[PDB]
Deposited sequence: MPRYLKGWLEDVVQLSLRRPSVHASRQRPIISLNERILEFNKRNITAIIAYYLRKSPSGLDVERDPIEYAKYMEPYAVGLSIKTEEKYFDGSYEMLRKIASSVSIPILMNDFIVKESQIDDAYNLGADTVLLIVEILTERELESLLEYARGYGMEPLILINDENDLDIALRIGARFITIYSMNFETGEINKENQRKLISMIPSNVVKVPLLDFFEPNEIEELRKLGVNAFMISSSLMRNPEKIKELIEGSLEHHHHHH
């Protein structure tokens, strides 16, 4: 990975030393990008429900609530800052039958092995914390499992590296990791720069209906929604309806 500052460097250090799990996988991969494409074809609004426990609700109950509606779940497995775990990942992936994104700070191959062995269907990769060669190598490694990883971009330089290595599945955070805040203006700009054959997923804390169709008409394939659904989980039924 690169050398970073602040909590993010602590997390990268922690991730580098994270022990690998001895679990072996319990069910097939349920492809997240492919299910999004299927939902697009069928005109079903595609929502990744984003859970996390803490940042710099019961996770199983959340996952079961969202299962009938979400295109996938994002499950945070970073431990120190987000209070995530591998065991919770495992127990969600064994409890619901929709795709699971392992949302973490992946800086080595064994973390992708951990994702596969725990039941996750794909992993997050973050351009900002990796070199281009690392990103490419981790991209190919994930694809070895049948996982198209979800590539996180925060700015146009991140986008350009993602496209340079051939990414096919991108999440647009447009986030300053120092503040945890999303630049929604930049997000719209970046979405408008991504080629049509890349599955594109903005992260939204809140939405309004106007905003959802304006983004759909920019070609967005799915929406990953955090705060609104933690507050009001029932909103995902409205989104599907």
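When the deposited sequence is numbered from 1, the segments without any C-alpha atom are 1, 58-63, 249-258.
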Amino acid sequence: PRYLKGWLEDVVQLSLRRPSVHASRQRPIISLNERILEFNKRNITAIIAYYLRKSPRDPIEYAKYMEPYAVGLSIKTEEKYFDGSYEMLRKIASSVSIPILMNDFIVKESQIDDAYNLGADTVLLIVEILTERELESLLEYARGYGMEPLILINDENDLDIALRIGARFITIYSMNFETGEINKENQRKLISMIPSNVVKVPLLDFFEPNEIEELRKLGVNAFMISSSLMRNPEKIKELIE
From here on, numbers count along this sequence of modelled residues.
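Averaged over Cα atoms, the B-factor as recorded in the entry is higher for 208-216 than for the other of 190-198 and 208-216. The stretch 26-34 shows the higher mean C-alpha B-factor when 26-34 is compared against 63-71 in the entry. Which of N103, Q111, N154, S94 has the largest Cα B-factor in the deposited entry comes down to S94.
Annotation for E136: C-alpha temperature factor in the highest third relative to the rest of the modelled chain, per the entry.
Per the deposited record, the Cα B-factor of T179 falls in the highest third when ranked against the other modelled residues of its chain. Among all modelled residues in its chain, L229 ranks in the middle third by Cα B-factor. Ranked within its chain, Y173 lands in the lowest third, by CA B factor from the PDB record.
Among all modelled residues in its chain, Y116 ranks in the lowest third by Cα B-factor.
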